[PDB]
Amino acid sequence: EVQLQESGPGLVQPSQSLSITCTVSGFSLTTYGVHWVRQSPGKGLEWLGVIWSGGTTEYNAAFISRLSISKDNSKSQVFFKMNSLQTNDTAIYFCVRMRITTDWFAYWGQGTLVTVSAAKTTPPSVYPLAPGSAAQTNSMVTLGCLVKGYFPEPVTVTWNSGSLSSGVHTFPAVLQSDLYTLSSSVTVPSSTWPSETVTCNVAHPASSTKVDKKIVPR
């Protein structure tokens, strides 16, 4: 029953500001501090700041001039504002309860991937990779979803809404010119394949795209 839900933009123009709301449920903000961390392939994990239960805020000195953290106790909401964004502020921004002493509310948000770019949003096209008998070896059949031509990152792909987790391979996105492509695969028994339906669930949050694509024999 503990959750840290995050809402914020995928895409932000250079030199503009970023606003992200973390909504807590399960613990009270009058009792516990909430942190903000980002992840980027450049500098790995970076701690940005914290708003303690009483309303005291501390910040990472390297960002203190452009960073603001506030909250509403009654709404269970923590707000993150960063100003004057530059290209290398592109990252996944997380609200987090960490650095725990006594409690058990250690939890990370899903994260908000913020891309600092002037480009525009493009959803993916989702194409099935329908096996055929050339997609089977031994008893197992491998299925796929091709997620093509989207911007910005990320897309998330599950199979059967996450219930099918074993044998799931999600290949990292790659850039073809100015758009991302990725594929995902699931391997299942050939026994499941006449009777069962297998579905891939693709989400592109930057564009509110949520697509369920049925994969079936060829």
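We number the residues from 1 along the sequence you see.
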91-99 versus 115-123 - greater average Cα B-factor per the deposited record: 115-123
200-208 or 9-17, whichever carries the higher mean Cα B-factor: 9-17
Residue with maximal Cα B-factor (values as given in the PDB entry) among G49, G42, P152, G149: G42
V186, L175, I69, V34, ranked by C-alpha B-factor: the highest one: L175
B-factor third for the C-alpha atom of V168 within its chain: middle
Relative C-alpha B-factor of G132, binned into the chain's lowest, middle or highest third: highest
CA B-factor placement of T158, once the chain's modelled residues are sorted into thirds: lowest
Third of chain Cα B-factors occupied by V78: lowest
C145, C-alpha B-factor rank within chain (lowest, middle or highest third): lowest
